[PDB]
């Protein structure tokens, strides 16, 4: 009854991710294949790097990771918690910030989008 991040996951938009073994410092690496984009930039699998919080041997740890898109100048970060829901089943409930690139610091105000994603095992 630990919710583990490692493994293969799919979210509510159709995107898939893989997360490998969580190491000695709570660190993990993975891959991210989004089902949605918004420019003639064609989707490609992109790496992610992140950590899970192991404070107090928490059975439902918090975590975060960054997606380093290999088809966009943008970055997304995701943060959430791994739950064991009503059916003994694992869910990652996350929110994200997607930072776009702007040309001038005066345009910074409009550069950051926000949303949610729920992941379940694939």
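Residue numbers count along the first chain shown, from 1.
- Stretch comparison (19 to 27 versus 104 to 112) by mean CA B-factor in the PDB entry places 19 to 27 on top.
- The PDB entry records a higher mean C-alpha B factor for 87 to 95 than for its counterpart among 87 to 95 and 60 to 68.
- For the set 37, 46, 52, 74, the maximum C-alpha B-factor listed in the entry falls on 37.
- When all modelled residues of the chain are sorted by CA temperature factor, residue 6 is found within the middle third.
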